[PDB]
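Before any questions on how it binds or moves, here is one chain, the form deposited in one PDB entry, in structure tokens.
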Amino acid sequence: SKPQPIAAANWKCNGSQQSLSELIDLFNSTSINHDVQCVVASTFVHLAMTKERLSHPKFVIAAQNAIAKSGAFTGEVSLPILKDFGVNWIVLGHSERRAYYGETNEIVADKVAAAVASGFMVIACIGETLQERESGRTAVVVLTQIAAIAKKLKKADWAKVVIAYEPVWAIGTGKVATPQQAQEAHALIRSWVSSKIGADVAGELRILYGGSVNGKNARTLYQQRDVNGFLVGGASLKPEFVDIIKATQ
């Protein structure tokens, strides 16, 4: 027994009006009979086109990042701005933002807190690097990442939160995550929640796998106990994402 799954498409910093409009069509045509929340997270530029063109009842749109308040932050986009524009999902604390854009545990937690406060559904990413892994720090890192978020939330807040575990150690490194390793990490996060926050919260919490997923391994990953879905990279700009949605059956 699992909560509603989520299949999330992280388009990242890609796409053209053309290529996207096509994918959108594929999507809209997709026949999905189970209870799944599908999410499409496009560039800020593409939000309006994706809003207008996505008609499928199982798909919502998300942003790939935000800042808490409006004001003098040239080039950034705020939560109020996405709210007025009608976006209600958001990806926060993606590994690429932590690696290249200054996003510390604290910054992420502040973002999560504001977003929750503002009504969003949040997909909050966490996960450890090769180095952290190699030196037996998986636990230390992951739990610290989740703890920083936790300190800022109340129990009630958890209903708006999704966690996406990213095996950063296995992205761009040469390494392979097996379904077993995915699951270890997932179980560990659940334990933390269950333990620190509640069993109720824990049983209801979606923990998405944010590693390497394609249509051929998404079922075997979903087979694992603590897998509730995926945060997809590359395969999301492809038709194969349709196989990924199906794997959450």
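Only residues modelled in both forms are compared. Each form is matched to the other, and the largest set of C-alpha atoms that superpose within 1.5 Å is called the rigid core. Residues carry their position along the shown sequence, with the first being 1.
Keep in mind that the form solved in complex with a small molecule is missing from the display, and what follows is about it.
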Within 4.5 Å of the small molecule in the bound PDB entry, counting heavy atoms only, one of 198-206, 53-61, 212-220, 185-193 shows up; tell me which. 212-220
Is it the case that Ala170, even though its partner is missing from this view, gets within 4.5 Å of the small molecule in the bound PDB entry, heavy atoms only? yes
Using the partner position in the bound PDB entry, report whether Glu96 sits within 4.5 Å of the small molecule, counting heavy atoms only. yes
Is there any non-hydrogen atom of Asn10 lying within 4.5 Å of the small molecule in the bound PDB entry? yes
4.5 angstroms heavy atom contact with the small molecule in the bound PDB entry for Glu166: yes
Only one of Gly119, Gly86, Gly102, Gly172 shifts its Cα by 2 Å or more between the shown form and the other one once the rigid core is superposed, namely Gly172
Quick one: with a 3 Å or larger change, is the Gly234 to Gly172 CA distance smaller or larger in the bound PDB entry? Answer closer or farther. closer
In sequence order, the rigid core aligned, runs of at least 3 residues with C-alpha shifts of 2 Å or more between the shown form and the other one are 169-176
